[PDB]
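Comments concern the structure below.
Laboratory data are not the source of any read-out in this text; all were calculated from the coordinates shown. All Cβ positions, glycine included, derive from the backbone under ideal geometry; neighbour counts span all protein chains shown.
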Amino acid sequence: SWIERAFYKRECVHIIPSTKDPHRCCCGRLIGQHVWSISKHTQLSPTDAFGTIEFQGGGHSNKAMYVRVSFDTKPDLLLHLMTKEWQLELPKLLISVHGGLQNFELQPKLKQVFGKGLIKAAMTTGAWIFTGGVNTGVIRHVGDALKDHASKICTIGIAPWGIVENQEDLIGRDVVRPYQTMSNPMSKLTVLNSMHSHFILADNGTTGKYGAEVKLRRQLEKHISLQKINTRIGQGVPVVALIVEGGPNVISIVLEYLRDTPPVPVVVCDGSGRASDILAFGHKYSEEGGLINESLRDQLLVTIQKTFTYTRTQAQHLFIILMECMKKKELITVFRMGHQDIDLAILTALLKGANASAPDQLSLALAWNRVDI
Amino acid sequence: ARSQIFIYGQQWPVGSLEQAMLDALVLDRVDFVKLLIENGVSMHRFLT
């Protein structure tokens, strides 16, 4: 009963602006299906969608906690909900997995090495994995990694509430609601990943649109990083940023992570493509950070204009954002395929981002029993 | 059966999966039973 009285929610009560399609409103829902304040005029109310999800189908049966919260909630109440109501202890490591919302396929053991890297980095440190929630793209690879894991977990994903499929199926108050892992191919409403543990599904009022979870996730990660652990070795629950593939937005996410106080190290993987490959090609051909000569500059421009299908001015702006990222070249760790898996990267990020002395890093590695790192 | 019948977007009638579960049990089809339990039906709610 504390979840309804502590968390709030918002629902679409607008003037129904048609724009393109007369049925589609500003929130995208049907014109008769109704029941920020700018053009949506949304009202606040106690939540009606929280509790347990029993994932029917999709291999193994797994129960995942969930709660629908407003996008403007303070992160302290969500973290108190995670520590108290969900009985989750304070973790020793935070992993932030970002990537492209479009579905993609990678190399087979690039996928396997990445999955085993995220899985064993999740068990050995007792980390928390932060994904996009829905079963698209990189989070689909994370869910396949968790399916292949099959052992022992806190892999809480944050998704828009309106983008989820069967929203009426997840309506209840502390009631176990069955969910279908089966998704329609044509339905634009995405599906929830079957092998996740918790959900921080956030409603800004709109349905079928993104952007309702990025600010809340970033504020919650900052608030967790302000939660200096009792060990307090130069940091508290240190934050890494795994990037697989990605689009134009993940470069801005990397810029927000690097240009932050305290700085967040960013790790990338190679071979997936798109933004990660241009980041790797920038990182190998960089010389002294921002000192990039003309030939690799217009090579980067033509690869941005070819892979991301952008115009010349958008490619120039993306190269400017790349150089602004590249000013902090020491924080970015690049994993290249070809006996080393992902495991030996997240750690590096913890070691350099912790920024303690080398006796402290040596004692932390001794605690983890990681001689190679 | 795994790659096309149990593909994404396939609508399923209520109670038909338990009938197929019984039919897989009586014909000694171990892999169909493994697939079926994998696709949502539990032994607690089926076996009477």
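Residues that are in contact with a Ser or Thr (Cβ under 8 Å, 6 or more places away or on another chain), of a type outside the set (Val, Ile, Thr), within 14 Å of chain B (Cβ to nearest Cβ) and in a loop (DSSP other than H, G, I, E, B): does segment A:40-57 have at least one?
Yes, the conditions are met somewhere in segment A:40-57.
Every residue, every condition in (1) among the acidic types (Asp, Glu); (2) away from chain B (no Cβ under 14 Å); (3) under 23 Å from residue A:117 (Cβ atoms), yes or no:
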position: A:168; (1), (2), (3): yes, yes, no
position: A:172; (1), (2), (3): no, yes, no
position: A:207; (1), (2), (3): no, yes, no
position: A:215; (1), (2), (3): no, yes, no
position: A:234; (1), (2), (3): no, yes, no
position: A:267; (1), (2), (3): no, yes, yes
position: A:271; (1), (2), (3): no, yes, yes
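Any idea which of (1) away from every other protein chain (no Cβ under 14 Å); (2) within 16 Å of the chain's Cα centre (by Cα); (3) within 23 Å of residue A:56 (Cα to Cα); (4) not polar (S, T, N, Q) is the one residue A:220 doesn't satisfy?
(3) is the only condition that residue A:220 fails.
Hey, any hits in segment A:293-301 for a residue that's surrounded by 19 or more Cβ atoms within 10 Å (Cβ to Cβ) and small (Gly, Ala, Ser)? Let's see the steps before the verdict.
Residues of segment A:293-301 surrounded by 19 or more Cβ atoms within 10 Å (Cβ to Cβ): A:300.
Now restrict to residues that are small (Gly, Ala, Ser): none.
No; the residues of segment A:293-301 include none that is surrounded by 19 or more Cβ atoms within 10 Å (Cβ to Cβ) and small (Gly, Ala, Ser).
Using the structure shown, decide if residue A:105 is of a type outside the set (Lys, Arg), within 14 Å of another protein chain (Cβ to nearest Cβ) and either out of contact with any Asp or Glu (no Cβ under 8 Å at 6 or more places or on another chain) or in a loop (DSSP other than H, G, I, E, B) (or both). Outline the logic, then answer.
Working: of a type outside the set (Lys, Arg): yes; within 14 Å of another protein chain (Cβ to nearest Cβ): no; either out of contact with any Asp or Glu (no Cβ under 8 Å at 6 or more places or on another chain) or in a loop (DSSP other than H, G, I, E, B) (or both): yes.
Against the criterion (of a type outside the set (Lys, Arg), within 14 Å of another protein chain (Cβ to nearest Cβ) and either out of contact with any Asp or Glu (no Cβ under 8 Å at 6 or more places or on another chain) or in a loop (DSSP other than H, G, I, E, B) (or both)), residue A:105 does not qualify.
With A:231, A:155, A:206 as the choices, which residue is part of a loop (DSSP other than H, G, I, E, B), of a type outside the set (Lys, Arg) and in contact with a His (Cβ under 7 Å, 6 or more places away or on another chain)?
One residue alone meets the criteria, A:155.
For segment A:71-84, what are the residues that are of a type in the set (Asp, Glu) and either in contact with a strand residue (DSSP E or B) (Cβ under 8 Å, 6 or more places away or on another chain) or not in a helix (DSSP H, G or I) (or both)?
A:72
Need pairs with beta-carbon distance below 8 Å; first residue within 11 Å of chain A (Cβ to nearest Cβ) and within segment B:1-28, second loosely packed, with under 11 Cβ neighbours inside 10 Å and not in a helix (DSSP H, G or I); sequence gap 6+ or separate chains.
As it stands, the answer is B:8/A:185; B:9/A:185; B:9/A:186, since those pairs meet every condition given.
Given the options A:250, A:244, name the one that is closer than 14 Å to residue A:334 by Cβ and crowded, with 21+ Cβ neighbours inside 10 Å.
Going through A:250, A:244 in turn, just one is closer than 14 Å to residue A:334 by Cβ and crowded, with 21+ Cβ neighbours inside 10 Å: A:244.
Within 14 Å of chain B (Cβ to nearest Cβ) and either surrounded by 24 or more Cβ atoms within 10 Å (Cβ to Cβ) or out of contact with any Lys or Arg (no Cβ under 9 Å at 6 or more places or on another chain) (or both): is that true of residue A:136 in this structure?
yes
Anything in segment A:58-70 that is crowded, with 21+ Cβ neighbours inside 10 Å, away from every other protein chain (no Cβ under 14 Å) and either of a type in the set (A, V, I, L, M) or not in a strand (DSSP E or B) (or both)? List them, or say none.
A:67, A:68, A:69
Read through the list (1) under 17 Å from residue A:68 (Cβ atoms); (2) under 26 Å from the mean Cα position of the chain (by Cα), then give the number of the only condition that residue A:28 fails.
Checking residue A:28 against (1) under 17 Å from residue A:68 (Cβ atoms); (2) under 26 Å from the mean Cα position of the chain (by Cα), the one that fails is (1).
Please identify the pairs in which a residue from segment B:29-44 that is at the interface with chain A (Cβ under 9 Å from one of its Cβ atoms) has its Cβ atom under 8 Å from the Cβ atom of a residue that is among the acidic types (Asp, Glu), counting only partners at least 6 apart or on another chain.
B:41/B:18
Please give the number of the condition residue A:185 fails out of (1) more than 23 Å from residue A:269 (Cβ to Cβ); (2) touching a strand residue (DSSP E or B) at 6+ places or on another chain (Cβ under 8 Å).
(2)
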